[PDB]
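Enquirer: how would this look folded up:
(3 chains, ligands or ions: 12)
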Amino acid sequence: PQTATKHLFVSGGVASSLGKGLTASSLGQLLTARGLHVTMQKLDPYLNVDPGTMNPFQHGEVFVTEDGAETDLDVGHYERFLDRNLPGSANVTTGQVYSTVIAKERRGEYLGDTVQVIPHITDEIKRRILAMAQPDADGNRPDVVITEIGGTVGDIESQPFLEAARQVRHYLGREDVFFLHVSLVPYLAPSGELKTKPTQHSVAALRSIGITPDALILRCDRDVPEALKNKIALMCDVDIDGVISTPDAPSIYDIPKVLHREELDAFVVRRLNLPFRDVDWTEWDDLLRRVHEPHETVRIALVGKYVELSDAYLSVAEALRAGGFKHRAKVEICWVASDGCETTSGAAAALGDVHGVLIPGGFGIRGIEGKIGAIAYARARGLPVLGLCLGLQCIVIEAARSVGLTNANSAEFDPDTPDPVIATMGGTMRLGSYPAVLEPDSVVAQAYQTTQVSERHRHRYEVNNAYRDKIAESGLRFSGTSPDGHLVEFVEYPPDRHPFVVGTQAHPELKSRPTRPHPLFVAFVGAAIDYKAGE
Amino acid sequence: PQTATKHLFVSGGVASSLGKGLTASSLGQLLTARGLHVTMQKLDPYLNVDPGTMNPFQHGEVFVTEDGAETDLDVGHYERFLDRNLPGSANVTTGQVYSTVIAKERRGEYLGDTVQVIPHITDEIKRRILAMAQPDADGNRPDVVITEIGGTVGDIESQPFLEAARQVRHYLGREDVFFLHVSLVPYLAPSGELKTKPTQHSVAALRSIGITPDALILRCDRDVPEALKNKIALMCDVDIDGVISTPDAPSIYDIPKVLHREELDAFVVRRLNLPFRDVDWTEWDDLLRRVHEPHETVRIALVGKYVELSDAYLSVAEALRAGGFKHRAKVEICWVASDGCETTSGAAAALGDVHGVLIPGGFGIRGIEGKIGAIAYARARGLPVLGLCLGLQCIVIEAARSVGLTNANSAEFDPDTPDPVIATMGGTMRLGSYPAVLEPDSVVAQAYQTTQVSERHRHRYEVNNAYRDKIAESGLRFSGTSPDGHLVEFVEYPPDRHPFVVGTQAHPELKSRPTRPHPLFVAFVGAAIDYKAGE
Amino acid sequence: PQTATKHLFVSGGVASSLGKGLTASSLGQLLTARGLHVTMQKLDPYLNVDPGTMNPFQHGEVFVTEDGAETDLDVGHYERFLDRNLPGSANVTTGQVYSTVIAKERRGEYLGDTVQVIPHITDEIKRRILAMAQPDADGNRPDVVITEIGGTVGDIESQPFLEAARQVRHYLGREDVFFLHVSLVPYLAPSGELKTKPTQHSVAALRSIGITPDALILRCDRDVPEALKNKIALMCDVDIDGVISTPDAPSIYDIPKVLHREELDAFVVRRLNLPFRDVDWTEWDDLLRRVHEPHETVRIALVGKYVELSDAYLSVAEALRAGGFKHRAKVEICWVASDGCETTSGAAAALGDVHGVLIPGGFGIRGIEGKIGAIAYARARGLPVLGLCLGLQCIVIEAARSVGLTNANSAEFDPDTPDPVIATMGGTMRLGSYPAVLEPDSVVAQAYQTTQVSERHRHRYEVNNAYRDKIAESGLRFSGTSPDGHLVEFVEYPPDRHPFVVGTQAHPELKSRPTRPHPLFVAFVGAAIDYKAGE
Ligand SMILES: O=c1ccn([C@@H]2O[C@H](COP(=O)(O)OP(=O)(O)OP(=O)(O)O)[C@@H](O)[C@H]2O)c(=O)[nH]1
Ligand SMILES: O=c1ccn([C@@H]2O[C@H](COP(=O)(O)OP(=O)(O)OP(=O)(O)O)[C@@H](O)[C@H]2O)c(=O)[nH]1
Ligand SMILES: O=c1ccn([C@@H]2O[C@H](COP(=O)(O)OP(=O)(O)OP(=O)(O)O)[C@@H](O)[C@H]2O)c(=O)[nH]1
Ligand SMILES: O=C(Cc1ccc(F)cc1)Nc1nc(-c2ccccn2)cs1
Ligand SMILES: O=C(Cc1ccc(F)cc1)Nc1nc(-c2ccccn2)cs1
Ligand SMILES: O=C(Cc1ccc(F)cc1)Nc1nc(-c2ccccn2)cs1
Ligand SMILES: NC(=O)CC[C@H](N)C(=O)O
Ligand SMILES: NC(=O)CC[C@H](N)C(=O)O
Ligand SMILES: NC(=O)CC[C@H](N)C(=O)O
Ligand SMILES: [Mg+2]
Ligand SMILES: [Mg+2]
Ligand SMILES: [Mg+2]
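Expert: Numbers count the residues shown, from 1 in each chain, chains lettered A, B, ... in the order given. Ligands and ions are numbered 1, 2, ... in the order given. Next up is the structure itself:
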């Protein structure tokens, strides 16, 4: 029968950006390929109640769950490597834990006590941790919960989450709880040596708060010598079979192979006494084939904020790559700044060499004149376009500006526009999954191969239903709607007007996975391949 | 001209209950008697937004300011030793600072940053500290702000307030900022020696977070030897003129004399470069005369929760003592449990030896049948009664039960009573100061020697105006009201019915001070003296 | 007139091997080129009383001072960058401080107290620090003492030296004392970013023991962005003019140019209120010319332990390079393992491509059969040879084996040899400087251009005077001796036997400096150039 649910606490030392979330995700994939029901959670030491207030260009994209919670992008890495939907519960923050305890205090639920960091804040954290172990919506209890602790050991803001994890270790005992600590091994070029001292000091910090690590992930630019691993194991009081050399992999999809080569998963399974079974590599070997052996290559313009890669579009880039993997193409992303595309000559300079244009949306942007101006170019050049949320809105304002409505805009972007073709139906923010119905033999229905779909939403403006008939004279079809028809969900040109120009109000990159590409990106990358081949 | 405003941070080590608030108050009195405009503030490390949720029998009375804020009782010690009204600003807590920062975050006021303990929580604390330095409602800038830091150095919950105080020291520099650290010197009886090691470890803890103490208050049951003070000064890196031996004083009013004997005030004034002037002892010498040389002695029953002293009635006890000081009486307080007074024989056993009965109110009590039953006894015995808030309500329900209304109660205490003579006019909670007008030649007007008064309120039930005429047939007069007459504020029997039986809806113990006793307690202790003398 | 002597404490964070000793040396050179009398000292946190017990291949060479003390090699970096002789006082260790205090205790010099880490160990450290400030053998008080603190902040063994430095800062005050902290900024390649978190945690550790850094040396593989320096200055409470970006330089002689470009020396001089004068670059500009613009290039075999660079021969390699600089040659060092040179074919394979053979000595070696075998080859091939200490001993045993004495050896290396031509005159270990007199028109006298010299010694075996006449028949001349003639100090072949083959019992690499090459290395590199050119 099933064991008690095990808890694995991934902590971090020396610095952030060591790839700790991708390490935890890869371990989740390894434990899943042995046949265990893994689930994952992140604790964020910052006070924002959710990232919906933070700028995504500075702090990365907001991820959205099926239930509509807004979360850190590591929940996106977990969903991609697990191929599992995660609840909003999967992202705790300090901002939420304090607000919850203070609200319980104002209602008198602590019966006249003084409220304190210990026990009340740590009890709320420990409650939110052990909540993840509860039977799912189908009654399946998970085998392992992998809680990743944000921040760095010895940040002030981390000290309640580490204390709650220590208390979970005290309550359940070592048979049920494992601590994995991620650390940096730096290389010093002038003297040609790897240094273990930062890992020693970081494990000493972790021991001074009452945690003993069961294993060490040694992040390094080169493979750590065995003599150094022995020195660490002796200095850190860690089993040598738990000292895992983790050099920089070529792609993120190789990290499971690195960890399996070191046998970290076997060490965890044995030390947690989990049911041992072999890793089924079949699916991930097929992914790594498509990743490493592309037959062709295509260039896609991502019409973003700036001419450089941004974590604001991490999920979009991953979804484009997965679309490529479906075709066994490479996808190379041309990061194109919107503002250079406001003039038609600037647009031609930015886009003329690419094979498709992706218009992403989000929050924290201005300057959609250059987005429309890239659409206006792409249509004349005959390039395929995929528009996501704001992308659809720019497509529909282009079409408004293609018929008579030369001053048309969104009410969001020109509050004085005489033609607000995009308008609040601040209105309701639609969040999470909503259903939609699709026109039969639409280009969208040919992509999805179904008439009914659902997608994840995060927007509050809509297509103004007063202009549907006007802008249909552009040629554009409203090939998908809410089941009542009240809301436009998808727009397309007919294939004889342009081979593939599609918009959606949703964020389909959120439902994409590397081993299960989303239909619209498979369709769009198809269209880009066909343009390149015919061009 | 006036200097920059100085900041004095009183911190605490080894344990709570060392009398740190009374020490800070006594230093405030000493600096005031030199002629400086002192003001005081407390920081509370607990998460309750205010103490109005805590039980006062477990955690002490809720103090109330003129503006109606609810605060820790140390604000009461400050008001009593300064004889100054303090704003609600004078009690910060963690509960308030977090709720404020989280609310600013939800409104987007941090412009897309991650919100962190440093800088944002420490900036909110530092802002609330330096707020105290601002010019008052008359434009007077204070000379010194004495912020007392709650908790113990090395409590987790204190670490943001100490960090904010360190940053204030960094911003203003040593010329403007002083740190006073209070510590315990224990005595070990089996080996007959005072131990300095706890003070060494507490100053080491304070130094490990970047604070250097300017002076040490050594709390002890006996006067610390000079050799030990020299050892501490050498071990702690403190000026020997800052090592202050502070043995347990006979009364709290002696603590200024202890501190002045050690010359702590001169050391502070010199080290802060404040305008040096001599202490005017005249008023406090008169207080210490009345305190130490009572001509007579009277017993007052405080009809409370239990037969032992409670911090739930600390201000009531201080106001009774100040009433005594006005007469040069001693007051001895008989702590009488209400529940023994429910039966008339039990009431007679509890009260028969005393000379007056005080019925206090508050929150966190049940059992007012025994309160009425003590009033019913006191009236038959001819003892004077002072009723505060709930005390008035019990007086008026006694009178309802004296005429025909034998099942009368408050709606608070029997929700099914057929005669709710006390009722919500949960209704409005009245908080802070409100004005009232008094009947000419009422016993209240003879006490106050004015027809217009104000008092501090904290209640939400009222006398039901539907029963005024009925209960006036008890003999009771509604000798004071709101200026519109809508609310009963004071009730009394005529002097020929009982010599002094008075109730008020307010908490007059909050406006009392040791050098300025409140009129109603001077009147009540007068009546008790006259009963004793005539009895 | 002269100020009080300033104290500069260079500390280290995150890891060792950051080049902290070379940074302190380069700052010493900069302050010297302004005209200040700098002096330097190192504190070693290890318990060895001196490095003469440690293996040099594992822990680097033992340096030797004029007075014969044995010290860490950082004293060699100080001597090379200052061009100043340093006393044995310049290397404190924990091993010495404890042994000194325990010996004073056994003699009763603490008059019956308990002896403690504080005050007695920290008083001994503080005494040894302030000793460096005393007037020199000519009466000159130094302007600055630059004490470098070994180890890493937060090593247990460092905590007494940091406490002593804090007490020096307390005693002399900020006007006289400066703290420079060296830290690592790592680069993470997968995400392309520099991380400041290790520096934040290392400065927090330094602040938790009561030290505030005046400046930060940021060691990095690339130049740190100004935005990061501003973030560090804000997070660390350091003046932005003290945040010094210190990327990896091409050669160690460039480090003064890096530090002067950042204006660190001006910041120190100003913050210490030292007499400001401009840097005279003339000599160091001439050095950097010769370093960066070599006209030719020569290969020298260093016949050592292994085929890789070793810190066991750091001073030898520096002396060879300085010899090159005198000629404006490059010197490239062929690291040749002795054991491959035991066979004549192996010797020919190891050495045939080089232009000169250097035979170094020391302790911690065996296998001098291969050293003699490289000499035997070099003589037949006509390559010049310089033999240092053990090198001379191998030359003289080669010559013993060239005449009749085929089993001759040292008594150190074959205790049963029937011909101990090298013998203990364990005998006296000669340490430090001794004088020697040289044969007129010896090859040595032509190198030194004097008949009288002194050199630094560290050996206990000698040439057996019983074999002088026998081995002179090899052709070898005893071209220098002790002034009494009792000890052989130099040996050479006549120029017609070999153009340059010289041995010495001393370690002339210790007296070499980059701006003042030692005569024997200038002569030997000359001979190698002449062989290459004629060959
Ligand atoms: O300058 C000095 C002087 C002395 N020591 C002494 O050397 C000991 C070892 O100090 P290390 O810096 O070499 O640490 P480590 O070898 O154990 O790990 P790595 O970072 O190199 O990988 C330390 O305990 C210290 O006492 C130094 O490290 N540096
Ligand atoms: O049992 C022992 C053994 C040895 N020692 C050693 O004695 C030294 C002094 O330790 P103390 O306990 O006496 O501290 P103190 O005199 O400075 O201050 P007081 O609390 O007594 O007032 C300490 O540094 C410790 O090394 C003990 O204290 N106790
Ligand atoms: O995974 C997480 C989650 C949350 N946070 C929160 O982000 C804040 C900043 O944490 P950083 O890691 O980014 O430190 P830093 O920017 O100040 O310096 P660098 O090393 O990057 O150069 C921290 O205070 C933490 O609360 C993380 O760092 N990582
Ligand atoms: O390549 C990227 C940038 C990126 C980030 C997130 C993405 F979804 C797609 C790309 N990051 C990488 N991290 C590693 C790694 C991590 C841990 C252990 C070993 N190697 C290799 S590459
Ligand atoms: O007597 C009481 C109990 C009490 C509390 C609060 C009150 F308002 C009335 C009484 N407390 C005392 N603290 C000291 C003391 C304090 C500091 C330094 C020296 N002595 C003497 S007595
Ligand atoms: O090149 C070597 C190896 C070596 C060691 C000692 C020697 F004597 C000769 C060579 N070390 C170097 N350290 C730096 C450096 C140091 C500090 C700051 C900036 N750059 C450049 S190169
Ligand atoms: N989620 C998004 O892309 C938002 C797009 C646009 N700002 C809107 O609110 O409609
Ligand atoms: N402040 C009090 O004494 C409250 C008394 C009573 N519980 C009321 O609310 O009316
Ligand atoms: N200093 C050295 O080179 C020592 C060489 C040899 N071991 C000797 O003692 O004579
Ligand atoms: Mg090492
Ligand atoms: Mg003692
Ligand atoms: Mg960062």
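Enquirer: need the contact list for the closest residue in space to residue A:413 that isn't next to it in sequence.
Expert: Once flanking residues are discounted, residue A:413 sits nearest to residue A:368: 5.6 Å by Cβ to Cβ, 6 or more residues apart in numbering or on different chains. Quick note: C-beta positions are derived from backbone N, CA and C, even for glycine. By Cβ atoms under 8 Å, 6 or more residues apart in numbering or on different chains, the contact set of residue A:368 is A:338, A:390, A:393, A:394, A:397, A:410, A:413.
Enquirer: In strands only, show me those.
Expert: Among the contacts of residue A:368, DSSP state E puts residue A:410 in strands.
Enquirer: Can you select the buried ones from the contacts of residue A:368 in PyMOL?
Expert: Selection of buried members from the contacts of residue A:368 for PyMOL, criterion 16 or more other Cβ atoms under 10 Å in any protein chain shown:
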select buried, chain A and resi 338+390+393+394+397+410+413
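Enquirer: for the contacts of residue A:368, which one is nearest chain B?
Expert: residue A:390 (18.3 Å; Cβ to the nearest Cβ).
Enquirer: Go ahead and confirm that closest one touches residue A:359.
Expert: Yes. Using Cβ atoms under 8 Å, residue A:390 is in contact with residue A:359, at 7.3 Å.
Enquirer: what residues are shared contacts of the two?
Expert: By Cβ under 8 Å, 6+ apart, residue A:390 and residue A:359 have these common neighbours: residue A:371.
Enquirer: And the residue nearest the centre of chain A, how far from ligand 6?
Expert: Note on chain A: the residue nearest the mean C-alpha position is residue A:76, at 2.8 Å, using Cα atoms, centre = their mean. Separation of residue A:76 from ligand 6 (Cβ to the nearest ligand atom, to the nearest Å): 41 Å.
Enquirer: Using CSV, write out the CA atom coordinates for the strand or helix carrying that residue.
Expert: Taking DSSP states H and E as the criterion, residue A:76 maps to helix A:74-82. Extracted in CSV, the C-alpha atoms of helix A:74-82 (Å, rounded to 0.1, in the frame of the first residue of the first chain):
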residue,chain,number,x,y,z
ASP,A,74,8.7,28.6,-11.2
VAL,A,75,5.2,27.2,-11.1
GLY,A,76,5.5,27.3,-14.9
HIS,A,77,8.7,25.3,-14.8
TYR,A,78,7.0,22.8,-12.5
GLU,A,79,3.9,22.5,-14.8
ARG,A,80,6.2,22.0,-17.9
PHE,A,81,8.4,19.3,-16.4
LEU,A,82,5.6,17.5,-14.6
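Enquirer: Leaving aside the residues adjacent along the chain, what's closest to the residue of chain A most remote from its centre?
Expert: Here chain A reaches farthest from its C-alpha mean at residue A:112, the gap being 42.8 Å by Cα atoms, centre = their mean. Once flanking residues are discounted, residue A:112 sits nearest to residue B:55: 3.6 Å by Cβ to Cβ, 6+ apart.
Enquirer: surely that neighbour meets residue A:114?
Expert: No. The pair residue B:55 and residue A:114 does not pass the contact test of Cβ under 8 Å, sitting 10.0 Å apart.
Enquirer: Identify the residue nearest the closest residue to ligand 6 within chain A in space, chain neighbours excluded?
Expert: The minimum distance from chain A to ligand 6, using Cβ to the nearest ligand atom, falls at residue A:190 (3.7 Å). The shortest distance from residue A:190 to any non-neighbouring residue, by Cβ to Cβ, 6+ apart, is to residue C:248 (5.4 Å).
Enquirer: Over to residue A:471?
Expert: Using Cβ to Cβ, 6+ apart, the nearest residue to residue A:471 is residue A:399, at 4.9 Å.
Enquirer: just checking, that neighbour touches residue A:478?
Expert: No. Residue A:399 lies out of contact with residue A:478 (Cβ under 8 Å); the separation is 11.2 Å.
Enquirer: okay, these two: which has more neighbours?
Expert: Relative neighbour count places residue A:399 above the other of residue A:399 and residue A:478, with 26 against 20, counting by other Cβ atoms under 10 Å in any protein chain shown.
Enquirer: Which helix or which strand is home to that one?
Expert: helix A:390-400.
Enquirer: And residue A:478, by the same measure?
Expert: Counting by DSSP H and E, residue A:478 is part of strand A:477-481.
Enquirer: tell me what that strand is packed against?
Expert: Secondary-structure packing of strand A:477-481 (3 or more Cβ pairs under 8 Å, 6 or more residues apart in numbering or on different chains; DSSP states H and E): strand A:430-438, helix A:443-448, strand A:488-492.
Enquirer: what comes into contact with it?
Expert: A:436-439, A:442-445, A:453, A:463, A:468, A:472, A:487-494, A:504.
Enquirer: Would you mind giving the orientation angle of it with respect to strand A:488-492?
Expert: Here strand A:477-481 runs at an angle of 140 degrees relative to strand A:488-492 (axes from the mean of the first three to the mean of the last three Cα atoms, to 10 degrees).
Enquirer: Starting from strand A:477-481, tell me which strands it pairs with and how they run.
Expert: strand A:430-438 (antiparallel), strand A:488-492 (antiparallel) (DSSP bridges).
Enquirer: and among the ones you listed, the most buried is which?
Expert: Sort the strands paired with strand A:477-481 by mean neighbour count, taking mean count of other Cβ atoms under 10 Å in any protein chain shown, and strand A:488-492 sits at the top with a mean of 26.
Enquirer: What are the phi and psi values at residue A:530?
Expert: In terms of degrees, to the nearest 10, the main-chain angles of residue A:530 are phi -70, psi -40.
Enquirer: From the contact counts, what lies against the helix holding residue A:399?
Expert: Using 3+ Cβ pairs under 8 Å, 6+ apart, helix A:390-400 sits against strand A:356-359, helix A:368-381, strand A:385-388, strand A:409-410, strand A:420-423, helix A:468-472, strand A:488-492, strand A:501-504.
Enquirer: Relative to residue C:180, which of these is closest?
Expert: helix A:368-381 (49.8 Å; Cβ to Cβ).
Enquirer: Which positions within the closest one qualify as buried?
Expert: Buried-residue list, helix A:368-381, by 16+ other Cβ under 10 Å: A:368, A:369, A:370, A:371, A:372, A:373, A:374, A:375, A:376, A:377, A:378, A:379.
Enquirer: again with stretch A:508-518
Expert: Buried, per 16+ other Cβ under 10 Å, within stretch A:508-518: A:508, A:509, A:510, A:511, A:512, A:513, A:514, A:515, A:517, A:518.
Enquirer: Is residue A:294 in contact with residue A:324, as I believe?
Expert: Yes. Residue A:294 is within contact range of residue A:324, at 7.4 Å (criterion: Cβ under 8 Å).
Enquirer: For the residue of the stretch 101-250 of chain A found nearest ligand 5, which non-adjacent residue is closest in space?
Expert: Closest contact between the stretch 101-250 of chain A and ligand 5, by Cβ to the nearest ligand atom, is at residue A:114 (19.7 Å). Spatial nearest neighbour of residue A:114, chain neighbours left out: residue B:46 (4.9 Å); criterion: Cβ to Cβ, 6+ apart.
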